[PDB]
Structure formats: C-alpha cells, structure tokens
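Visitor: My sequence and its experimental structure, below.
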Amino acid sequence: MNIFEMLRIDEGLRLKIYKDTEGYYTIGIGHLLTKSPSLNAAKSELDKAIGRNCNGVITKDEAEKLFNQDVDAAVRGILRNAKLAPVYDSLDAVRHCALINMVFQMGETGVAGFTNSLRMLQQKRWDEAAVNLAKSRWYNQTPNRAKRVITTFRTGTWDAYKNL
Ligand SMILES: [Cl-]
C-alpha cells in the first residue's frame, strides 16, 4: 500500500467530467477543474491542463499523468508550508500518507486550519487527535473517507484500506 493506491481507492477514476461530492467539476482521479458552475469553464480548464482539445473526456494515461502531477504537487506544497512541514516531518511514513490525503482533498489552506489536530499529531497523541479530527465539517460531509484517514493517523497501519 502507498499514497497512490490509497488515493485511488478514495477518489476513484472517471474519464469524463463529473461533479465531486461538493458539486464541482472534476475529472480523472479527483482532479478538481473548477469551482465555477460553468461546464464550459470546466472544459476550458481541462484542455489547458491536458494541452489539447479534450471536449470533456480524457484517456487513462492522461488521468494517471494528472494524478501523478497532483500527488507530486501536494507533497511539495506540504514541504514548503510553514505550518504543515513540521508536522509532516515529525510523522512516520504511513501517517505521512494520511496527511497527504487530507491535503489532496481539501488543499493546504484547509488542512492548515486543523490547528489543534495538527498539534496533537505532532505530540503523537493518536487517540486524542482522532477525536479532534472527527469534530469537523470534513467528517460530517464525507464520513467514510474521513474514517479511513483518521484510522490511519490513529493506528499508523493500512488496516482501513485492507479489503477494499
Ligand atoms: Cl465518504
């Protein structure tokens, strides 16, 4: 198990423009295109991201390429983020994945807002952090995914992703 398989399970794979859980135009493996309600704006963003006239549809190779770029960016983002880097650096390799997962889904800014949870993770107070992370819009809106990520932070193992 690794970050790519983890996110592939949480985000799925779709080759045509779709709306994510919040209603935003997305494609591939959770690649957000735009928050604008315009499917045209979305189609424009897609072509620009892929470098060709896609008309709203891409190939698996293209999907995997975007996914790779996105994970890469997420990690680099964490590493240059003042509030996130120290936490990331304090964690083991499995837990690094749970943090990347959150950033991939909500963005740096979103994650940087979990101040108290972050301090608890830094202090390695696993159960306390898990309870705190659950007190959030994130948990209430996407509970199954949040439960998987939280369990990952709590246990430091891939159990929540086993049998999926
Ligand atoms: Cl969910």
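Guide: Looks like it arrived, so ask away. Residues are numbered from 1 along each chain as shown.

Visitor: residue contacts, the residue lying farthest from the centre of the chain?
Guide: Counting by Cα atoms, centre = their mean, the extreme residue of the chain relative to its mean C-alpha position is residue 53, 26.8 Å from that point. Listed by Cβ atoms under 8 Å, 6 or more residues apart in numbering, the contact set of residue 53 reads residue 47. The C-beta positions use only the backbone N, C-alpha and C, and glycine is treated the same way.

Visitor: Please name every helix or strand in contact with the one helix or strand residue 106 maps to.
Guide: Here residue 106 sits within helix 93-112, counting by DSSP states H and E. Counting contacts by 3 or more Cβ pairs under 8 Å, 6 or more residues apart in numbering; DSSP states H and E, helix 93-112 is packed against helix 3-11, helix 60-80, helix 85-90, helix 115-122, helix 137-141, helix 143-155.

Visitor: from the middle of its chain, how far away would that helix be?
Guide: 6 Å (Cα atoms, centre = their mean, to the nearest Å).

Visitor: all numbers from here: first residue = 204
Guide: Right, with 204 as the first residue, what we last looked at is helix 296-315.

Visitor: okay, the angle between that helix and helix 346-358?
Guide: Angle between the axes of helix 296-315 and helix 346-358 is 120 degrees (criterion: axes from the mean of the first three to the mean of the last three Cα atoms, to 10 degrees).
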